[PDB]
Amino acid sequence: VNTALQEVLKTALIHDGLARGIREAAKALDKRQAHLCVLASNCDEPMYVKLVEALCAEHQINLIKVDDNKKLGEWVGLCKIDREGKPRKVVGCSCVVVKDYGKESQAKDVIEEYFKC
Amino acid sequence: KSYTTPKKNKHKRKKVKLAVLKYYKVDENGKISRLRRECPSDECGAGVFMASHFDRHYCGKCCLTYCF
Ligand SMILES: [Zn+2]
């Protein structure tokens, strides 16, 4: 399922349909365009996780949990310098939401079967 | 290079940590609360939040300043 989510993130990066950043995510929820999102639990955030869960528990938003904030900077590509190898200067992010327009894919049937059930 | 009159500063955008909770007040139950005003016009969307001035409200793009 992680391969399918990474493929969805990569094609959202290709079509530029994702709204990266908490500012654009808040714009998407205020415009009611939140389809899928990724949340990094068990982090060192003192009180940010309550605000993120409060916005994520508003209206038809998926609940996906991952481990770290700094491991989400490579799939989105915040500071992916030296793409042939490992970056040496990189920062992190909390959540990046996606608004995919080209929804049709190969594993998307299994993805929507897991999301609906 | 350097003049006798000292140089004046420019409006540089400073670094503010976690400004979004300044707008969205985290209440007890799972309900969103907005304190700062928004632009009621249809020219700009509702996701853009206007300036919180002490005696008026400054529109984000159209400069339609609303006064009390
Ligand atoms: Zn505005």
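Everything below is about the structure printed above this text.
Residues numbered from 1 in each chain as written, not as in the entry; some residues may be left out. Chains lettered and ligands numbered in written order. Part of a larger assembly, values for the part shown. Heavy atoms only, no water.

A. Local environment of the packing of aromatic side chains. Residues and elements named next belong to chain B. Inspection of every chain in the model, using the stated rule, returns three aromatic pairs over all chains. Arranged with centres 5.0 Å apart and planes meeting at 85 degrees, the rings of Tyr 23 and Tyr 24 form a pair that is edge-to-face. Taken individually, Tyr 23 and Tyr 24 each receive the classification buried, so the pair is uniform in this respect. Each ring, one from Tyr 24 and one from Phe 49, has its centre 6.3 Å from the other, and the planes form 85 degrees; the classification is edge-to-face. Here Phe 49 lies in the loop between α1 (20-23) and β1 (51-52) and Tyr 24 lies in the loop between α1 and β1, a separation of 25 residues in the sequence. Taking relative accessible area as the criterion, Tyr 24 reaches 16% and is therefore assigned buried. An aromatic cluster of three or more residues is present, and its members are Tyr 23, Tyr 24 and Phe 49. (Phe/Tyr/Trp six-rings, centres within 6.5 Å; stacked < 30°, edge-to-face > 60°. Buried < 20%, exposed > 50% of the residue type's maximum accessible area, 1.4 Å probe, protein only. Helix = DSSP H or I, 4+ residues; strand = E, 2+ residues; numbered from the N terminus.)

B. Structural view of the pattern of salt bridges. Applying the stated criterion across every chain yields a total of three salt bridges over all chains. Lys 70 of chain A is paired through a salt bridge with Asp 68 of chain A; the nearest N and O atoms lie 3.4 Å apart. For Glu 38 of chain B, the salt bridge identified is with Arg 34 of chain B, shortest N-O distance 3.5 Å. A relative accessible area of 47% places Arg 34 of chain B in the partly exposed class. (Salt bridge = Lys/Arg side-chain N within 4 Å of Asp/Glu carboxyl O.)

C. Looking closely at the layout of surface pockets. Taken as a whole, the largest pocket holds about 840 Å³ of empty space. Taken together, 43 residues line the largest pocket, and the ones lying closest to its centre are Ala 26 and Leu 51 of chain A together with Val 20, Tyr 23 and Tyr 24 of chain B. Listing elements by their share of the lining of the largest pocket, those giving two or more residues are α2 (22-30) and α3 (48-56) of chain A together with α1 and β1 of chain B. Per-element accounting of the lining of the largest pocket gives the leading share, seven residues, to α3 of chain A. For the lining of the largest pocket, the class distribution of residues is 25 nonpolar, four polar and 14 charged. Taken together, 32 residues make up the lining of the second largest pocket; nearest its centre are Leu 5, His 35, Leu 36, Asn 62 and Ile 64 of chain A. If you list the elements that add at least two residues to the lining of the second largest pocket, you get α1 (2-15), α4 (73-76) and α5 (108-116) of chain A. With six residues, α5 of chain A is the largest single contributor of residues to the lining of the second largest pocket. For the lining of the second largest pocket, a count of residues per class yields 18 nonpolar, seven polar and seven charged. (1 Å grid on protein atoms, 1.4 Å probe; cavity = no way out; pocket = protein on both sides within 12 Å on 5 of 7 lines; lining within 4 Å. Points joined across faces, edges and corners; volume = space filled by probe spheres on them. Nonpolar A, V, L, I, M, F, W, Y, C, P; charged D, E, K, R; others polar.)

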